[PDB]
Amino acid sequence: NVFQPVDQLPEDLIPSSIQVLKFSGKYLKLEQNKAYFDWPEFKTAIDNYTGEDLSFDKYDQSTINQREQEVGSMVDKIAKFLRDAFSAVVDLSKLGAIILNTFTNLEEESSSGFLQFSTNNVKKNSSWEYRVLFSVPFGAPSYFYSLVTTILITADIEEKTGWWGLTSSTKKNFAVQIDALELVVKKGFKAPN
């Protein structure tokens, strides 16, 4: 998976949601041995889309510079940012949990397709891109939300192994960029081509 799925959708909606994951997935960009989500292209694909099964709701972004902080403090802010910006995210706990787990278990999930590592030979630091997709119903029982999400975390960690065994209270000079786009999907939607 290029995006970690996460849906609290009724059964008759998971198919359409997979179709959103298929669509989104097409905008992943592999180059220089690294894979990162191609936001600009995706936004374009979204703007140029014309159907009735998919609809743009809103897109938010927040990039914060280096801040010596703990993971929990960070993950929390990220979760608070999401919950407050998107209707598709009412709960905060379930959210922060999922993000905290991923970053506390990076070594294991390290080979999943929704995570991208890299290092900066010049800056002497590294970063990770975590791609996750949220889907929840609406309540119009034949409609749901899809929150295409990417979270880029950078830190003064030169070695990939430096990210292994990260706890809630672990402290590092963390910089972060959150990219999230909320779509309104109708049951039946199909990833074009």
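The first residue of the shown sequence is 1; numbering continues from there.
Deposited sequence between residue 139 and residue 140: 1 to 3 residues lack coordinates. Note on 160 to 168 vs 57 to 65: mean CA B-factor is higher in 160 to 168. Relative to its counterpart among 105 to 113 and 73 to 81, 105 to 113 has the higher mean temperature factor, C-alpha atoms as listed in the PDB entry. Across the options 124, 43, 131, 26, the residue with the most elevated CA B-factor in the record is 124. The deposited CA B-factor of residue 49 belongs to the highest third of values across its chain. Among all modelled residues in its chain, residue 135 ranks in the middle third by Cα B-factor. Sort the chain's modelled residues by C-alpha temperature factor and residue 175 lands in the lowest third, per the entry. Sort the chain's modelled residues by C-alpha temperature factor and residue 9 lands in the highest third, per the entry.
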